[PDB]
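When the chains are written out, they are named A, B, C, D, E, F, G, H, I, J, K, L, M, N and O in that same order, and each has its own residue count from 1.
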Amino acid sequence: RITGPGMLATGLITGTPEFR
Amino acid sequence: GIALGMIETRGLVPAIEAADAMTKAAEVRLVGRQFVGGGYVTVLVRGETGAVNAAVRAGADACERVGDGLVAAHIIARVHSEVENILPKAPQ
Amino acid sequence: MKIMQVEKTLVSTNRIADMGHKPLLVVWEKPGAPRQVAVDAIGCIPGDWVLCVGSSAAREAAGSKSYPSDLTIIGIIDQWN
Amino acid sequence: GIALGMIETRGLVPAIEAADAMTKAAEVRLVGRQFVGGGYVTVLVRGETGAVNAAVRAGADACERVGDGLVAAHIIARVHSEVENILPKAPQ
Amino acid sequence: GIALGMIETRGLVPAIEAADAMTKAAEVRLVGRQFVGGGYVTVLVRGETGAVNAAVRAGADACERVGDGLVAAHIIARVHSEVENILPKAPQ
Amino acid sequence: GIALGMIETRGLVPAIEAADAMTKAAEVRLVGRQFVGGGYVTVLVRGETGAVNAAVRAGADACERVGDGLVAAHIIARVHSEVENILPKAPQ
Amino acid sequence: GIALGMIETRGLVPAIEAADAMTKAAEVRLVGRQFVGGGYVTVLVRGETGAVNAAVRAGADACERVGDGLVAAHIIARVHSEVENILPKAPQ
Amino acid sequence: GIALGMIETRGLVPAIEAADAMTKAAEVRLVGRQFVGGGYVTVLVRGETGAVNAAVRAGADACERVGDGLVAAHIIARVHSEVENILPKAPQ
Amino acid sequence: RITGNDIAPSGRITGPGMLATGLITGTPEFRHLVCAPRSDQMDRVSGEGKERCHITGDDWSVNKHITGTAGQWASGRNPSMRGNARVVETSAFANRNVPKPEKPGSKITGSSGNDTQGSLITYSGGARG
Amino acid sequence: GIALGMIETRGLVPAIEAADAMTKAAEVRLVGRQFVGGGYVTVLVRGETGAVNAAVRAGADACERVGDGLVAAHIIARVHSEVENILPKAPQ
Amino acid sequence: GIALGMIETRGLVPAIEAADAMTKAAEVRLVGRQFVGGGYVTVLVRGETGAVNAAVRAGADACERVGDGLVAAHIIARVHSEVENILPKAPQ
Amino acid sequence: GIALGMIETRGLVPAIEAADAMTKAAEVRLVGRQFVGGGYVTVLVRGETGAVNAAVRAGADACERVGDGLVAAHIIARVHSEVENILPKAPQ
Amino acid sequence: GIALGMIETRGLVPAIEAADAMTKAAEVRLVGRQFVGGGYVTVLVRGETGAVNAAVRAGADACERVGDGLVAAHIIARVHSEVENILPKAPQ
Amino acid sequence: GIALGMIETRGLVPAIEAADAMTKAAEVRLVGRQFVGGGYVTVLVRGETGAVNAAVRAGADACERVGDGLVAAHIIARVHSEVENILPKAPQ
Amino acid sequence: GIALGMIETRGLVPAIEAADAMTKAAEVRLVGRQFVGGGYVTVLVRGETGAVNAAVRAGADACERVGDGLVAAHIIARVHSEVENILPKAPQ
């Protein structure tokens, strides 16, 4: 996987979905 | 940046943990902290979109188990010009 | 076959239907010579030396064995006169 | 534009999302955001009736699952002059 | 008119529906709107007894299902001179 | 606005209820009431297309159960200049 | 024009829809709208034969389900000069 | 011509067909169209008995399937002087 | 779920809102041969009145509801009685298949342009020429 | 004449035979030929309603067997002032 | 009004029919017609949200079976300023 | 020189062969080669009717096999003054 | 910005939907709309890498069910300096 | 030389290979490349008859399997002065 | 480098992915992008034979699944002088 700050809070953040 | 991050929490303690985690984890600027009433606080940040996403993801992780908790963590990548009137420009 | 030069096109609206839609051209062995008409198998511009086949050979060169043709332009000569 | 659209939500993270969605969806003007108290935030947006029906529906769909969520989403195509005295003129 | 028509409502959006219904249905005069705190918002009207009765019934029916709803709908046909001090004189 | 909303009802009491409902509900102007004959009464209200939809829907519900009831509720978003001569310009 | 189109309808909301769809469709002039009594309204257009056939076929499909409905759609391309005496020339 | 042919019809669209069908079918002059009220319209023709008869049959057949229909088709071979005063006369 | 005044499309209210439901997108609900075979047809009125081609739009055609100039309105006006079937016709076309005697035959010899495969030329007396 | 007749064809040979037959059949002025793209060529005629009905029919019958064929034949008896600006005035 | 309505069709005949129905049905101005290529033509109207909702409904139904038909019918109640540079302001 | 011949083809290579066969076959003047779009190329010739007939009949046989072949071969012996305006005047 | 976002769609109506969604969702700049031919229209947007990832996703979802649909959606976080010369700089 | 060699192909990549093969194989001049539309691209060469024959043959075998392939490969030794006008005289 | 690498695609989104993938993959210069029509877009690169062979192979793999995909991938190591006049010298 790619570790980082994007890895955190996977199911909590809402809004502005980015590209799949 | 124009992106907005907003972490609402029950209490100012979760809000400050989240506020510190968001501004230490990404190049975002704390534009304000608003007491919404009813035991809700919102910490609003603003920066480029990737920075805001990393900031809001990091803050939501920090405050989920701090105090009463996290009600919401939302990213609005571009806010309408009218919404920019109801958004704080700088804290205090 | 005879080397002939195209002079002009010929049009006959009242022509037998067995001549199909094939074009007709007023060829001549040299200018001022007896004018003759040849069904143009190979498209030919006026002023160009052509090679024309006569009896029977013409019928098949321009369409089929039954095509009403005793003269047909079999080719354009690459260099002449 | 004299129709009034108004989305109440529990929190300012649900309300700011609603304001953005409403203003983006139609030619409506955000006239106020009010902290009603008890953790309720009403975002009122004026505009022609058709635009306020588009905007309120957009706001409701947008903030339904953000934070605590949507308390109410109401349209008033014409508002009595008397009720215009208890309505926000512009955001403060 | 010395009658008072009070419709208390959880949220401001249930309260602005109530004010609109009340002022549209009778010769009543919205005298004020109060943010009581905790969420409650009380819209008060002043008119004759029959007018106030019609306005309050209409408002209660109208805002009953808007948002959180109607806390109370009360009519006081003659209000004591002392209560006047605690009542809004014009919507501010 | 140049849109036309017309409500036809069997009887004048249903039509007056419908007209009051329509004018109060949205930004439309009552342009006339016509006695058609056979007990049919048509209330015509002009205004912007979105405003005229709200009015005809509000006024249709108002007269649905008043008296004989509602024969027709209709909206014409643009009216041809030829049909203007037949339509009533101001109410009599 | 010499052609006559007639759209009788039960009500004036159906007749107004008919006059709108008859005029808008073809270059036919709305010569009259008559209240025949008993609730029957006849909208009469006069134009060239093709224009009246195109206009009366549009008005009929338009008012077929508006209000009570369509009673008659009739075209008379030239009318006895004596019948022209009993036909309206400009709408009241 | 003193014979009178009269075709009552439910509507004016049924009556203009019959006035047109009676006048075209035989040497009868259309004295008038009268709106009885209740949806009844009567077209009266005046000719020799033989001509009024062909005209009334033609008018009766034509209008029967236009609109609501034919109520009465009738011929009076000699009309008394007194009834001439209750009969429309001029080709108005 | 949106309370208050509704501008949402309905069947009780009639007008432009009902048209094109399911074709249009961007709405608050969504967001939140031309001529019939020539052999088969036989137009009643030929020429510029031919109804063979499906000509869309505001054309001069009249539908089911329209009553008017043609049909019972034109056919009823004048009384009429048809009393007999078509009787045999005397014409050149009808006489195409008339019984004919056997074709004259030619037994002549010597060159005479005696063609037997062509049309029936005859010479005086009914001979083959 | 204000009516529009339009024949859309696949190719320009069918379109020029359509335009010849249409102009040949009636007194209609050929206002444009439009290379739509995709190999579609809409020839647009204008004339009195009946002329355009006689013209379009002749063009459709004339071009169906010429080339790839006919996609559409349509008449508009009166075109709105707005559709005049997307319509060629004289041909190219 | 700033709303956009857009009916894309296969051919110019369907689009011109759609532009007639759209403009006649509601108060919209026809800002452009664009040949997209590949047989597609877009007809764009700009009006208030209720007028543009009504116009694109009228165009879509009218042109659905004219020529090869309707590819799309779409309402964008407000367009981002950026999209305004790729939209045609006035038609040719 | 008033007759028109047209040979549409799918591609420029069949059409150039068609125009070469047409101009050589008879005394006609290639007045244009038009890229219609979608890959249709129409070579138009103008000469006397017999000449045009010979050219279009010979050109059609010539282009049938070359490339994707012939779509149309047409002769319009008399061209309406109106159709002349949509016709190429010299090959460019 | 350095990133490119391209939404290719069949038809322009889907492309204007895609453009409206992208520019609204994130801080991107419509830099061009290209008619690629054959019904293909590509909307190219330049912005920050996070902003162009959020705009392209929004545009792809929006335009998917509008019209013929979406051919492709693509993000090029940085384009070689050489591909910058084939890229549009501002929309036409 | 007067002979023309035209190789049409479904794409520019097949046409560039065809042109390369034709020019390399024999002494011919690439007078032009034309985009017909529909993907058709015709590369035209001009030279003496033998040179054109060899060139077209080489171009055809060369581009048959390149991309979407070959549509036509044609040789006309003597092109009419009239068709000279529709032929490109220099490549671009 | 004087080799030519060409990648035809069905759309600009596939062609721009191919152009980016080619310049990045190997030492090649993007000489041009051409709209062939029909949805075909060719990206021409020019460098050393091995560079072009590696770029055209890299641009093919990259653009095959982007949008509609790849029509042709082709390399011409030496280009006749004549073919250079139909080749794009610079990308704009």
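What to note about this one:
We take it that a contact is a pair of C-beta atoms (placed from the backbone, for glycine too) under 8 Å apart; a residue touches a chain by one contact, two chains touch by 3 or more.
A repeat of the J-L interface exists among D-K, B-D or G-J; more than half of the contact pairs are identical by residue number at B-D. A count of C-beta contacts for the chain pairs I-M and B-D puts B-D on top.
Work out the mean CA point of chain H and of chain M, and you get 73 Å between them. Averaged C-alpha coordinates put the centre of chain J at 37 Å from the centre of chain M.
For the pair chain C and chain F, the distance between mean C-alpha positions equals 84 Å.
Averaging C-alpha coordinates per chain places the centre of chain B 42 Å away from that of chain K.
Multi-chain contact residues, meaning those touching two or more other chains, occur in chain M at positions 17, 24-26, 37-40, 50, 53-54, 66-67, 73.
Listed for chain C are residues 43-45, each touching two or more other chains. Within chain A, the positions touching two or more other chains are listed as 14-16, 18.
By the touch rule above, chain C contacts chain L in their complex via residues 9, 11, 13, 20-24, 40, 43-45. Across the complex, chain C is touched by residues 20-21, 24-27, 49-51, 53-54, 57-58, 60-62 of chain L.
Within the complex, the chain F residues that touch chain K are 1-3, 48-51, 53, 77-78, 80. Chain M contributes residues 25-26, 50, 53-54, 56-58, 73, 75 to its touches with chain A in the complex. Taken together, the chain H residues at the contact with chain G in this complex read 10-14, 16-17, 19-20, 23-24, 29-30, 32-33, 35-41, 43, 66-68, 91-92.
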